[PDB]
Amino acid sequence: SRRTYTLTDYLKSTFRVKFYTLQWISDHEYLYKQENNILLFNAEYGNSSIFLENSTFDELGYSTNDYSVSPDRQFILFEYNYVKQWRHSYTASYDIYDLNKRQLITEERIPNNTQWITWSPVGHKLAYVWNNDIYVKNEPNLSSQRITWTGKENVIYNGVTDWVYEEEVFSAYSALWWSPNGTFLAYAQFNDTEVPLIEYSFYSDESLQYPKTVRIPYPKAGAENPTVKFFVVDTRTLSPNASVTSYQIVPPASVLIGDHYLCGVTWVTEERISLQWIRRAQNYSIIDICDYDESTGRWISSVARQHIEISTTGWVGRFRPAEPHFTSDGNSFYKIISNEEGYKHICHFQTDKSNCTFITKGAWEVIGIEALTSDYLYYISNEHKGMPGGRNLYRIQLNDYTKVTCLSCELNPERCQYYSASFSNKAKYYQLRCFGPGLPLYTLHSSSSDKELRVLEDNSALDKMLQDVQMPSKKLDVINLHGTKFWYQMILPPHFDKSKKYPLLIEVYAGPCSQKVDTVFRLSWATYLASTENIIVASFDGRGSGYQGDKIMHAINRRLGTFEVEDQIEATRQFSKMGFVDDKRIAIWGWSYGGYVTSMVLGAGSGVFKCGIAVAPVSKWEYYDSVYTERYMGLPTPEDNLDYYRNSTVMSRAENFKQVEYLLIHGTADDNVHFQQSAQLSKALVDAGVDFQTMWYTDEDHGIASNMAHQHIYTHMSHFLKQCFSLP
């Protein structure tokens, strides 16, 4: 009799899922923004005090989207006037507020359009990037000092990444790294002089008479890449009438051979920095640990402190090589790498020795190292119940790898199987974050007694609202393909009657090291399709997917568009044989890589799918960026992998689309998967005489995330889907 989860409920977020975001500022204290008030909580006693009243934000231009308190707690930074750029980058305005004299620094302010800013790890120094140059302010009220002079739009980047490093290498816009005690400021410089430009029209507000052309240095497969340099600036000598004292650290010879990338920076101590470089091929990476020479100011490296990591069956790491986690002394480190069996586990390395020792093993994988003390190492893995789509926090004794405890496994076995964690300094306390399968749950714990100090947020409000509505259920299970067991999930309609025949909707991603099958709780479009439209929405992780060993992940090496596409078809074929699926009404959709896979499926002529929707899909790999594409496909030259580049385009399967109903969608301002991709795909379908539907979204980028576009696209795909399934 109750209501169903509606499209409007989804599009409007009428069912709010709460969370708990905190920032640790010591080994037992943390800040929390509550009702626009910044409160200081003491993990020990649970008591809190007001750190900054809600009545201070009231007048800072307008909305204050973010804050950052200096480590010495003397100042606070206010971020506002946010202007988004790519996936991670953006520019903003900042105000510095003196917490002592409780005033607002007015002289020597931070520039407008600041690209990045950060306090030093200690004290209250500031470093920021503006107009592609780096500046340092020793005091909030004193004049900043310019560190670089080469900054230049679309050419030289100091302190921040260019387009490709942001998206594929750093997964961040930032390229600045203060040393632990603020002595040194390390940064990377990117040169895009020889990178070709992708250009597209941005129409802007209706009042703009002429469209403007956006230009981005974007390297497509096999094109010229940006070069990079790494510098360590000694901030001690920074003065208005002094030059900048900096040293340039170059990569090891084994990398200087040809094109390469800087993929990681980690400070070990005030005089020891760790750099991780990888060759353009991405099957050879190396860690170079450089020591500061106090009598020359040089950062020296030695072959003894270099650690090589290669891959013979594919690429190194998941999306990039894993980061090293050093001990306080810096004489050793722990890092995730592939073991003998192809599973990723933690290996213990000695800084000046090449041999490492695995401290974990099994047919499961370590997702990442979370914290490290002199006695324990905390990490996250999907070992529990052997569920690759589950996550838990584990702790292992460093003096006896035999003693490993699961800190999250049994807290709420039914409600919580997917966690992430955030540790305080020195790992004395930690917040545990549960994302499903039940309602998210945030908790605070002590590392000494493993006791649960308290419940930070349990979403009891959401629970209330949902018991009044007919929610669908999510079931996870397994099936066999090629003698290998793979996972899949199904969002089943309320009051699921294994008798009736329901229409199926396959939602796919399926890109290298992907995971669409997990135990995370999500109020999604699928929630609505199952709840209101009685459609079954399933997902499957086959060959190429991650967190199940290099064996399954590297299956699609140098051959994207083959096995992962084929496995979606065979898995759907097995789903359609289970009596509760109307094989006459099967569809599939995806975004990005899921859009590519969706298209490849539809064009396979399997006769299995009736219709499909592709949103901002890749259509030809030579159109995508160099870092991501080459990592799996090599170079598109007749000497390397051109043949597999050519027969993996969606265009080459155009004729087969005559057998299905296809919906192609794309944002005209997509800086990531260029509109070109869909423009070229549609032209191939037109030339083949194939009828299909289209939908462009003016000025929307890769996310197609503006409030109105977001609502419009899901509304549109719903009509298309219901038309195809003959649903009223």
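We number the residues from 1 along the sequence you see. Between two forms, the rigid core is defined as the largest C-alpha subset superposing within 1.5 Å.
Item to check | Higher-deviation segment by CA RMS in 6 other deposited structures of this protein, core fitted, 493-501 or 189-197 | outcome: Of the two stretches, the larger average C-alpha offset in 6 other deposited structures of this protein falls on 493-501.
Checklist entry - Quick one: with the core lined up, is it 61-69 or 46-54 that wanders further in 6 other deposited structures of this protein, going by C-alpha RMS? => result So, of the two stretches, the farther one in 6 other deposited structures of this protein is 61-69.
Checklist entry - Mean C-alpha B factor from the entry: is it higher for 174-182 or for 604-612? => result Comparing 174-182 with 604-612, the higher average CA B-factor belongs to 604-612.
Next on the checklist: Mean CA temperature factor from the deposited coordinates, higher in 675-683 or in 53-61?
Outcome noted: Between 675-683 and 53-61, it is 53-61 that shows the higher mean C-alpha B-factor.
Next on the checklist: For the CA B factor values reported in this entry, which option in 120, 539, 201, 103 has the top one?
Outcome noted: That would be 103.
Next on the checklist: In terms of recorded Cα temperature factor, pick the maximum from 469, 134, 627, 565.
Outcome noted: Across 469, 134, 627, 565, the entry lists the biggest C-alpha B-factor for 469.
Next on the checklist: Sorting by Cα B-factor within the chain, modelled residues only, which third would residue 717 end up in: lowest, middle or highest?
Outcome noted: Lowest third of the chain for residue 717's C-alpha B-factor.
Item to check | Ranked against its chain, the third holding the CA B-factor of residue 665 | outcome: As the PDB entry reports it, the C-alpha B-factor of residue 665 lands in the lowest third of its chain.
Next on the checklist: Which third, lowest, middle or highest, does the C-alpha temperature factor of residue 385 belong to within its own chain?
Outcome noted: As the PDB entry reports it, the C-alpha B-factor of residue 385 lands in the highest third of its chain.
Checklist entry - In terms of the CA temperature factor given in the entry, to which third of its chain does residue 96 belong: lowest, middle or highest? => result It belongs to the highest third of the chain when residues are ordered by C-alpha B-factor.
Next on the checklist: By the recorded C-alpha temperature factor, relative to the other modelled residues in its chain, which third is residue 691 in?
Outcome noted: It belongs to the middle third of the chain when residues are ordered by C-alpha B-factor.
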